[PDB]
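1. Test case, fold it:
(chains A, B and C, ligands or ions: 3)
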Amino acid sequence: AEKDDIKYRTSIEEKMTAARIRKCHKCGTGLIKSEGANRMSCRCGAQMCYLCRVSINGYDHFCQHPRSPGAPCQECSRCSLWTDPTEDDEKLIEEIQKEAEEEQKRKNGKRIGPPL
Amino acid sequence: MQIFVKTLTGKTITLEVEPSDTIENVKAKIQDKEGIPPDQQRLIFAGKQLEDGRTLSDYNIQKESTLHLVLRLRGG
Amino acid sequence: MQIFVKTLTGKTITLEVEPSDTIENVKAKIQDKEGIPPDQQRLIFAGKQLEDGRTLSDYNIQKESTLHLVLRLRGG
Ligand SMILES: [Zn+2]
Ligand SMILES: [Zn+2]
Ligand SMILES: [Zn+2]
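-> Residues are numbered from 1 along each chain as shown, chains lettered A, B, ... in the order given. Ligands and ions are numbered 1, 2, ... in the order given. Take a look:
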């Protein structure tokens, strides 16, 4: 029936949101970042890395080595304090939406989520 | 039209709305239910932030969709 | 964020900056606080002479990092 159409659509909508929101591992609060470093401080007091989403205890989690502009760190593979994940997450969200709309076309002879 | 809203903690509530309603109006309903001041509310739907002056229909928010209340923080 | 610019005379300048500020912006801030024209400023960090068109984040400059200012004077 139409109930399955709703169930599929909302599951995609919630996956699209999961790609964007960072949930605090301590308290479960949904977070997003306006600007700044990737070291987040939740209102519960716990810190987290905005990139890998793990709980952390300070700036030691991140690569703190000098870098050459346009090059990755040659001393470690740690999360970067400065890189903005927005574009990568938007690309994931848009591929999910694109594929989902193609699936609903196959199923039901319509867009999902906000337009581009 | 019925939609859902998840609070900061993850508790889910239910609102009756219309797709022509504005984001401000939806925030007023959230205030009626949970007492959260609208200026403390920041809403996400399907990965996108909902902006004052827009309507639910601007973001293709349909029946049984879920809006998420989040904190917008500055990194260190 | 906040960084320190130390001179060869030992003086330490405190600057308020953002990771997206370019090195050209940082030298403008130095000109503002100390009156040194950018063309007289060489900024060095971990042995690298920082390029004006690049950002602080491009070099992975950290909060509370210290840069080193070496002066020059072509005009005489
Ligand atoms: Zn938390
Ligand atoms: Zn990380
Ligand atoms: Zn490193």
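
2. For the rest of this, base every contact and every neighbour count on C-alpha atoms.
-> Will do.

3. Strand partners (parallel or antiparallel) of the longest strand seen in chain A?
-> In chain A, assigned by DSSP state E, the strand with the most residues is strand A:30-35. Strand A:30-35 pairs in its sheet with strand A:22-23 (antiparallel), strand B:71-74 (parallel), by DSSP bridges.

4. right, is the longest helix along chain A up against chain B?
-> Secondary structure of chain A per DSSP state H: the longest helix is helix A:86-107. Yes: shown here: helix A:86-107 in contact with chain B (C-alpha under 8 Å from any C-alpha of the partner chain) through residue A:93.

5. CA-only coordinates of that helix in PDB, if you can.
-> C-alpha atoms of helix A:86-107 as PDB (Å, rounded to 0.1, in the frame of the first residue of the first chain):
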ATOM      1  CA  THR A  86      30.600  19.900   4.900                       C
ATOM      2  CA  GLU A  87      31.200  19.300   1.200                       C
ATOM      3  CA  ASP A  88      32.000  15.600   1.700                       C
ATOM      4  CA  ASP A  89      28.900  15.100   3.800                       C
ATOM      5  CA  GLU A  90      26.800  17.000   1.200                       C
ATOM      6  CA  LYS A  91      28.100  14.700  -1.500                       C
ATOM      7  CA  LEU A  92      27.100  11.700   0.500                       C
ATOM      8  CA  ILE A  93      23.700  13.200   1.100                       C
ATOM      9  CA  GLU A  94      23.100  14.000  -2.500                       C
ATOM     10  CA  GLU A  95      24.100  10.500  -3.700                       C
ATOM     11  CA  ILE A  96      21.800   8.900  -1.200                       C
ATOM     12  CA  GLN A  97      18.900  11.100  -2.300                       C
ATOM     13  CA  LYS A  98      19.700  10.600  -6.000                       C
ATOM     14  CA  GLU A  99      19.800   6.800  -5.700                       C
ATOM     15  CA  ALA A 100      16.700   6.800  -3.500                       C
ATOM     16  CA  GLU A 101      14.700   8.700  -6.100                       C
ATOM     17  CA  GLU A 102      15.800   6.300  -8.800                       C
ATOM     18  CA  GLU A 103      14.600   3.400  -6.600                       C
ATOM     19  CA  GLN A 104      11.200   5.000  -6.000                       C
ATOM     20  CA  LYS A 105      10.900   5.500  -9.700                       C
ATOM     21  CA  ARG A 106      11.500   1.800 -10.300                       C
ATOM     22  CA  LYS A 107       9.100   0.800  -7.500                       C
END
